[PDB]
Structures are given as structure tokens and as C-alpha cells.
Amino acid sequence: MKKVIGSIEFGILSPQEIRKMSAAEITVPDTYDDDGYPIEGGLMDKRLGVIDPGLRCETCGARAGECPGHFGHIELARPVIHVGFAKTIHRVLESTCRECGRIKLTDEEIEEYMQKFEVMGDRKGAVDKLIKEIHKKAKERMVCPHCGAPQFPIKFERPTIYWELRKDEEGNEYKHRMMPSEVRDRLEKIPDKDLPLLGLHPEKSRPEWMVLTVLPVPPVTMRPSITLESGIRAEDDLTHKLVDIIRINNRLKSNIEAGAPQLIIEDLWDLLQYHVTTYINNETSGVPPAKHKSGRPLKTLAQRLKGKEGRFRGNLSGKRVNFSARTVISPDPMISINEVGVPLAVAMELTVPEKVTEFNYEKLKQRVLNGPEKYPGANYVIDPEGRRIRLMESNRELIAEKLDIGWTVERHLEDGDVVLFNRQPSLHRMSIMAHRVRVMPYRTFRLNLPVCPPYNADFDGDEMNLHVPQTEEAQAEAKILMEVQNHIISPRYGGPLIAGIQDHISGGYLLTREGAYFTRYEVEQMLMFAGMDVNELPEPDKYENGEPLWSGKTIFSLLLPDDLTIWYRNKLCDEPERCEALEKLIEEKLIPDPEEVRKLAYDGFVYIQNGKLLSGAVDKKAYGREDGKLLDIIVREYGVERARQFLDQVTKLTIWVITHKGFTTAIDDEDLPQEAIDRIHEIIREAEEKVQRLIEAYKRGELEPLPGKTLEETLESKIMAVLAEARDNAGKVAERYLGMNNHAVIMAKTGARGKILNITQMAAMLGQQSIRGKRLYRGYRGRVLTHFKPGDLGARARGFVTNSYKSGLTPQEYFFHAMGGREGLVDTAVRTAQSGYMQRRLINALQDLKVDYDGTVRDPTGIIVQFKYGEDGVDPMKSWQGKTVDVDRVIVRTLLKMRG
DNA sequence: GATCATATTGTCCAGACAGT
DNA sequence: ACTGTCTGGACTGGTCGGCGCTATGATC
RNA sequence: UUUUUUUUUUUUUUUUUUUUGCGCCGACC
Ligand SMILES: [Mg+2]
Ligand SMILES: [Zn+2]
Ligand SMILES: [Zn+2]
């Protein structure tokens, strides 16, 4: 059968294990000869694997691409210290007797630590603290309790140098260098019983194994060799490092065999130690990194695992995948929110493997007969034996007549297929959702507009990735869990995320506003466009010139369910006295007459009774993101499919309404009368006079300092407050003369796009430009620009733009606005990286937490983090405004349903 | 004029550490 | 027991494409 | 007129079915 990995046990490889697992001994530094054949005994020996296609492995007998590679070994002439175990070696040497070999602890202390180790074993932090305490206790001891032999302090010098402070005959203290052979001999005397006290395992990690005597050379598959376009081989950095190691080891062995003096032996030993240390880690502190001939700092085994481009993050936690596509996205309101537009070229390339069954034999046979060049067709066919056959014109008929039950047909992407649609960066779980394939002739992806806010995607050149699941389990998981309609409500705040946007909101406002009426032709056309299942028109609301007319509220009410009742205040409510009468009428009777409601109907108060929009207008509070009460109620009380249908119908209806009525903005939308401009100029002049008076008072010393601040900050705060008040007054003056008939004002007030402040800047004035919360000061001595006098603290000299976008900015005001915009762009480009790093840290901290079947949240070890998730066991996605149950809404809905 | 060994050894935050 | 100092580390994801670079000195 | 060496049977053919890495620069979202 098949087996899976249950657990992984780590340790230090013994020299005997390295020798036994080795397939060959490497002694020749050279890799390839002049003819290009591998050299026997070299680093590219065929016993370690094969890279070239024509080569055959002497250990496996297989060809390139399927030989896994085999490890070698190098017999070092002298032992060397592993740089990754240097601190542990120093700690163990400090914590152990030099000649006796036992740990410098009493028997009672050893027993006490042995019993304490069993109690604290689950938490690795407790074990680390116990190890540190044992090391600290054993370090201060200068006499071994087991034998009474005197001890000397051991000094550790980076990277792998150990100094022993021995005492001379006259009492002088001199440093004695401990060679790796002496260190290994000292480590060999430690018994197995003291190893748990030192944090080592008797059978897995012996202390003497931390001093390397046999170096395992990696297989050639781990360090592949390529050839360039000019025929010159490009060896890996590990290959060059191993070449240097082999050369130095051979030179050291030859010098040892030649009886060289000890001075040469120490130099060669140090060179070999440096080479081994750089091979293990080329970024070790205090070590000059190994450099290539061209000057390139080589990357080694340590660099291949850590970092963004390491083995873990770059190849294990994340990697490139097959059956994926990426292209520019384009809007498509005609498709549903559950659908994605797939190009025909993309569909004809990406394939889904479908097994031949009894109920789909004819379809797959037709797909095979069509071939790869005829849509809908197939590209590959897999027999039950498991081999893959490519489909072409010559053999498409032979395969088609040979098709049977159990075959696999890699047909092209068809309508209704489930694929993954993703936009980067993936900040939340809504960044990847499963859509339905819709095949289109052009070369762009198509995404429905309400699905843009979950992706945070616009259409100014955005590109998105498409993934096609290949297994039945993955397809089922995508279809059940990751469908678009299943994630309308955002789990972050428990509100709508897949909601209407600017044009939908504007069209809804245009349709549902007071005085909006449509002819029979317009109503029928918008009903056909929206796909609503309406066969007969309702009774006309009024007649004009002998022609029937339908109110927009009547057309909008066809979308709502017949048993839906809700009332609230939208963003268009500017006269609360009109909403108060409606609220009192609703409260008094709880079933108000529809004629009575329409008599005192107000656009700012939306009231839906039994699915009929009796009052109010559609805005961002209707079905907008994070504010749509109607959409949120529809999701919670009618399911996700009904909500998806409602969204698909209402988006098309509002799009038709806004398209044929005519929505536009012009240069006269920001126009203001002369009296408004005069008032704005008067406000600006008054603010400038106030700033000048404050400056004069500060110069005369009459300014009262604020608590906790000196005169300069007090004056700056007063000036900024005055300028902000002036900007607010100018904005109010501009808002006074901009009525509801303005399309830009409609867009700002309905929440479709933009703000009132955006219209204020173009109409009245820009205001004060500031960076880092302070007025502009960077420039010359005492002045931002030379055009102003030195020492001028006035508003105009510090970044107060009196002009507006329509009036035209002065060059100084242009420079100030450029400073502000640069500050904003820099702030965004700096904040993004910190936010991403914090998100990665949080993800890695809370990756393993999940809710068990009993409602508890536990770590993989088993420690209970929460006895109930959220202390109430309620999903934030299904929570009503952060609460457990919306009691008032339930009571009101039940009472209305039973009394209606 | 062809080949062959050899080719060098950037601020900030947090934990550990001499000094008083 | 505090306090300033030395040392280690990580530096948001994806995508697009381009542009170089991967021997040399001394015999026989 | 003289010592201290030993001896024997069971394993077959002329040969065979797919550019990695390094660093830089610009740019999109
Ligand atoms: Mg964009
Ligand atoms: Zn092999
Ligand atoms: Zn001892």
C-alpha cells in the first residue's frame, strides 16, 4: 500500500553514518575534463548521480531527470569545528570537566534537575530556561565535584576559536589555543547520562559529532551543472566551495605525510576550517565571505534555506504551479457575480481532466473528435494504463473510436466550469474566490463590478490570476466553500463586501428619487435588460398627456421579496423633522396605511413595507459596501442565492437607468456665483488678518502659552486652527450654493464616488498644505521659498493655498501642493511594507489556531487557547453588527410577519 | 605556436553582557 | 540590582520585460 | 664411533531488447 510521514526526528549525522550513506569518496577537485566527460573521483562523478541526458548513473542505473542523486563523503585530514554548533561546543566545554569528563554538578543537583526535566517537557521555553540555568550553575564551578580536578575559564572567539586561560608555573595567565582535535577529544569523554543535562541526546546528537571529521558532499542533483550558449560550463557556488575544500584538504594531507613543521600544519588547518565555515554559512560574522573570481560573494547551504528566495519561503511555503493563467481584467456587468470571463485562447490551452463515465461518454468522445484546434475539444487523452497521449489531426479519430470507460480526457474549458480567481496581494481570504467559466472571444479576463471591492481591483491595467483545479476533491471544495455568493458578508466586520458601487448607487438614486417617472417602453426595456421575471406591468401610478407613467419606486419594489419590511435613515437625510413624522407614524400603528405613508414620504427616510418602497431613495446605505442595510438583511433573511439574484438584477436595472437617462459632469458643476466668490475671498482675508494679528501678538509677547507647549508651538497650533476653521467656512459657503441637481453633488452625497470636500477644493479653495502634521518649513533660512521674506510666519508663506483648482494655483501654491502630494505618496509607499510585514508576522503567529468540534480553540500541542471561540461561539461573519443575536430586528420582523 | 594546475581568505528592536 | 554597550536580524506579495556576467599566466 | 619431519578424486555458455545562478535598472497593480 502507501504510507505517510508521521513524525520527523532531527539530530547530528555521525561520521560512521556519513561514511555508510556515502556512495563514493571524492578526492579530485576537478569536475570536467577537456572533452566534457565527468572525471572519476571528482565532484561530478557519476556515482553521485547524473545531470547530462546521455549520462548513466553508476549507483542507480537510471538516466537524467529521474536519478535522485547520491551523497558522497570527504575524509578530512584534520577535524574542523562546525560553525553552526560553535556556541553549543563552547557551552558544553564550559559546563564539563576538562579531564574527568563529567558535568560540573553534584549528584543531588543532577537528580533534582532530572526530576525537574520530566515536569516541564511540553513547553520548549521551560526546557531552554532550565538548560541556561544548568549551564550558568556549572560555568562558575572551578573544581569538579566528581574528581577534584582544577578547571580554567574558556574564552570563545568568533567564529570557531576557543581559548583556555591556563596558569603558568609563576602564576602568570596565558591564553592557550584549543585545537579542534583537542576539543573533540574533550567532548568524547562526556558520558551519555550527562547529555540530557546539557541538552543533547545520547543516541541522536553526541557532543563529539559537532566537530566534523567527515564532510558529506551533496549529490549532483542538489548542485546541478549547466552549459552556456558558448559551451562553457557554469558550475554552482557549492561546487566551487567544495573544489576549494578538496584542494585545501589534499594539500594538508600531503604536508602531513611529508612531515611538515607544525607552523605549516596550523596554517593549513586554519585555511581548511575557514573553507568549511564558509561552506556551511558564507554570511558568518567576523569571517570574510567567500568570493568568486569575478568578485561575487557565493551563497551556500545556509543561504539556500533562509531568506525570501530560500528553500522554505521560495519553494516550500510558496511555489509556481501548473494550469494557471494571467491577463488584464476588463469590466463585464452582463455576467453574474458568480461568473468570470475566460478568453477562448486561454480556455483552449487550460484543460480539465474528466474521466469517461456512462453519463458523459458521448460528450467526451465529441471532445476527442474535435481535437485541440476545434472548440470545444481536447488536447490530451490518458488511457487506464496511465500513459498520456497527445491529440493531433492524425490520431484524433483512432483515439475517439478507442475511448472507453476509465479513460481520462483533458478537454478544453467549458461554460459552468469552476476556476479560482485571484488578485495580488492577497490581504484577506476574499482575495481568492471560485467563479464559473464564461468563454469570450477577446484576450481579457472579465469580472463583475460588485466583485471588485473584495479584490480591491480597478480597471486601470490590473492583471489577475486564474487557477483551474484538476482533481474532483479540489473542484468540489472550490464549488462548495469558495464560491463568490458564499462570501458576500465580510467576516472582518460582519457587513456586506460584495455590494454595489458608484454607477449602481447613482442609478438607484436616479430611479428611486422623488418625481422620477418612466414610460411603458422604458419600464419594459429595463425589465428585459435586468432579467426580471415580469410578464405583465403593474397599474400605472399616474397619467400625463394621456400616456401612462410608472414611478421608479414601483419598479424598484419588484426586486424585493414580498414579505420584507425595513425602515431606516439614509445619507440623504438633511431634515430630521420630516423623518420624525414617518417614525412616529410607523411606531404608533406598526402597520401604517400605504396611502398615509406616501402623503408624508421623504427621500431621506427609506421605508419598505411588504416589499414595496413606500418612501426614501437609494444610496450607499441601501446596498453599498459596509453600509447597505437592505442587502445585509436580504443575505441574512433570504440566503445567499436570493441575494445573488437580487444583486445581479439590481445592478443591471440601475445601469440601464443611468445609461439611458444621461449622467454627466462638466466644467459648470464647480461654477459659483460672484457673491459666493466674494464671501470666500472675505473669509480668506479675515483668516489672513487673524493670522497676522496672532503673529503680531506673539512678537509683542502678549501671546499666552498653552499648557505643555512653548510660544512657537502655541502660535503654530492657533494658526493651524484658524486656517482649518477658514477652510470649513469656505466649504460650507460652497456647499450652500451647490444643490441636489448637480451630478457631482449627487455622486458625493449618495456615497457613489468622491466626497463633499473633493468638490470644495475645486470650487472654493484648497486650504493649508502640511507635512507630518506641521506647516511647511523645509527650505531656506527662515523661509520655505526665496520669494517670501525671511522670518515670515504668515499663512501664505507657510503653505496656505487661497486659490482653488478652478481658479488656478500660483507657482508657490503649486510647489506647496506638490510637497503635500509627495508626502502622501511617500507615506503610502512606506506604510505598505510595514503593514505587509505585520500581516506576515500575525499569520505565522496564528496559523495553527482552529475551532474544534466542542467549540474550543487549541494549539497543535493540545493547550486550550479559548474554551469557546469569541467567548460565545459565534462566527464574526454571521454576527449582527458585532453582537450575538439582533433581538430587536428578530422581534420586529416576527411581529410584522404575524400581524401582516 | 598548444596545454596545465591554480586560482586569497543601514535605522531600529531585542537579547546577552561588563561596569558601578 | 540598574545602565549603557555589543551583537544579531529583518527589512509587503505578485507580475511585466531588459541587460550583462560567470579564466589566466607559464612552459613544452 | 652417530641424534629430532612428512605424502594422493565431484559446479555448465565463448554471450544478449528540455538555460541555472548573481546582481542592477525601469515599470504595473
Ligand atoms: Mg489599479
Ligand atoms: Zn543515481
Ligand atoms: Zn571531573
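The sequence lines fix the lettering, A, B, ..., with proteins before strands; numbering per chain opens at 1. Note: hydrogens, waters and symmetry copies are ignored here, and every other heavy atom, side chains too, is used.
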For a quick check of understanding: with a heavy-atom distance under 4.0 Å over all strands, which category does A:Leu228 fall into, base, sugar-phosphate or nothing?
base
Rounded P spacing from D:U18 to C:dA26 in Å:
40 Å
Could you report the tightest heavy-atom contact between A:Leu105 and A:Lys137, atom names first, then the distance?
CD2-CG, 3.8 Å
Can you tell whether C:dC11 is stacked with C:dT12, judging only by whether their six-membered base rings have centres under 5.5 Å apart and planes under 30 degrees?
no
Could A:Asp236 and A:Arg304 be called an ion pair, given the rule that one side-chain N must be under 4.0 Å from one carboxylate O?
yes
Ring pucker hemisphere for B:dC17, per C1'-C2'-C3'-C4' torsion
south
Just by the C1'-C2'-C3'-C4' torsion, is D:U14 north or south?
south
Please report the distance, rounded to the nearest Å, between CG in A:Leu427 and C1' in D:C29.
12 Å
North or south: where does the sugar of B:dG15 fall when you read the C1'-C2'-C3'-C4' torsion?
south
Rounded to whole angstroms, how far apart are CD1 on A:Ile432 and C1' on C:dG13?
12 Å
Taking the side chain of A:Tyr837 as heavy atoms from C-beta outward, which of C:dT22, C:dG13, C:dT12 is closest to it?
C:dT12
Go through D:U18, D:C29, C:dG14 for me and flag the one nearest to the A:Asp460 side chain.
D:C29
Please report the distance separating the P of B:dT11 from the corresponding atom of C:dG13, rounded so that it comes out in whole Å.
23 Å
How would you label the contact of A:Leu238 with the nucleic acid (heavy atoms, under 4.0 Å): base, sugar-phosphate, or nothing?
nothing
Candidate nucleotides C:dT7, C:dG13, B:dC4, ranked by approach to the side chain of A:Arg158 - the nearest:
C:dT7
Would you say the side-chain atoms of A:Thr832 pair up with the backbone N or O of A:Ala829, donor to acceptor, closer than 3.5 Å?
no
For A:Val28, answer base if it contacts any base atom (sugar-phosphate contacts may also be present), sugar-phosphate if it contacts only those atoms, and nothing otherwise; contact means non-hydrogen atoms under 4.0 Å.
nothing
Is a salt bridge present between A:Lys104 and A:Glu94, judged by a nitrogen-to-oxygen distance below 4.0 Å?
no
With positive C1'-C2'-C3'-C4' meaning north and negative meaning south, how does B:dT9 come out?
south
When all nucleic acid strands are considered with a 4.0 Å heavy-atom cut-off, which category describes A:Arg313: base, sugar-phosphate, or nothing?
sugar-phosphate
Between D:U19 (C1') and A:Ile51 (CD1): distance, integer Å:
14 Å
Is the closest side-chain donor-acceptor distance between A:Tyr32 and A:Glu235 under 3.5 Å?
no
Verify, without hydrogens or angle tests, whether A:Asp52 (side chain) and A:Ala64 (backbone) share a donor-acceptor contact under 3.5 angstrom.
no
How does DNA chain C read in dot-bracket, base by base from 5' to 3', with Watson-Crick or G-U pairs under 3.5 Å and | used when the partner is on another strand?
|||||||||.|..|.|.|.||.||||||
Quiz question: by atom type and distance under 3.5 Å, do the side chains of A:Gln303 and A:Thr300 form a donor-acceptor pair?
yes
Taking CZ from A:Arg423 and P from C:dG13, how many angstroms apart are they, rounded to a whole number?
16 Å
Ignoring hydrogens and angles, does a donor from either the side chain of A:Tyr274 or the base of B:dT9 sit under 3.5 Å from an acceptor on the other?
yes
Integer angstrom distance from the P of D:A27 to that of C:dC21:
23 Å
Sugar-phosphate, base or nothing in reach of A:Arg320, heavy atoms under 4.0 Å
sugar-phosphate
Looking only at side chains, do A:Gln273 and A:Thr277 share a donor and an acceptor under 3.5 Å apart?
yes
Which part of the nucleic acid does A:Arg247 contact within heavy-atom distance under 4.0 Å: base, sugar-phosphate only, or nothing?
base
To the nearest Å, give me how far apart CD1 (A:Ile329) and P (C:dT15) are.
17 Å
In whole angstrom, give me the gap between the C1' atoms of D:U14 and C:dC28.
48 Å
Would you say A:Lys308 places a side-chain N or O within less than 4.0 Å of OP1 or OP2 belonging to C:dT12?
yes
Would you say A:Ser330 and A:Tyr442 are linked by a side-chain donor-acceptor pair, where the criterion is simply a distance under 3.5 Å?
no
With a non-hydrogen cut-off below 4.0 angstrom, is A:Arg841 in contact with a base, only sugar-phosphate, or nothing?
nothing
Nearest-nucleotide 5' precedence on DNA chain C, A:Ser426 against A:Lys306:
A:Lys306
With no hydrogens and no angle check, just 3.5 Å: does a side-chain donor-acceptor pair link A:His467 and A:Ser324?
no
Any salt bridge between A:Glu164 and A:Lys155, counting N to O under 4.0 Å?
no
A:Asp383 with A:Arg387: basic N within carboxylate O range, under 4.0 Å
yes
Between P of D:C22 and CZ of A:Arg304, the distance in whole Å
10 Å
Contact residues, residues 285-301 of chain A to RNA chain D [heavy atom, < 4.0 Å]
A:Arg296, A:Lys299
Rounded to whole angstrom, note down the P distance from B:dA7 over to C:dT24.
16 Å
Nucleotide C:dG14 sugar, north or south by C1'-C2'-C3'-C4':
north
Check this for me: does any side-chain nitrogen of one of A:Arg390 and A:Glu410 sit under 4.0 Å from a carboxylate oxygen of the other?
no
What string of B, S and - do you get for nucleotides 15-20 of chain B, 5' to 3', if B is base contact, S is sugar-phosphate-only contact and - is no contact with any protein heavy atom under 4.0 Å?
------
Are any of the side-chain heavy atoms of A:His428 and A:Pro491 separated by less than 4.5 Å?
no
In whole Å, what is the span from the CG atom of A:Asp237 to the P atom of B:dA7?
19 Å
What is the distance, rounded to the nearest whole Å, between atom CG of A:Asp30 and atom P of C:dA23?
14 Å
Base, sugar-phosphate, or nothing for A:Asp458, non-hydrogen atoms under 4.0 angstrom?
sugar-phosphate
I need the single residue from A:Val484, A:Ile498, A:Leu497 that forms a side chain to side chain contact (heavy atoms under 4.5 Å, CB included) with A:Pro450. Which is it?
A:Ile498
What's the gap between C:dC19 and D:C22 when it is taken at their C1' atoms, as a whole Å value?
13 Å
Using the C1' atom in both, what is the distance from D:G26 to C:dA10, to the nearest Å?
26 Å
Just to be sure I understand the rule, does A:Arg251 reach a base, reach only the sugar-phosphate, or reach nothing, if contact means heavy atoms closer than 4.0 Å?
sugar-phosphate
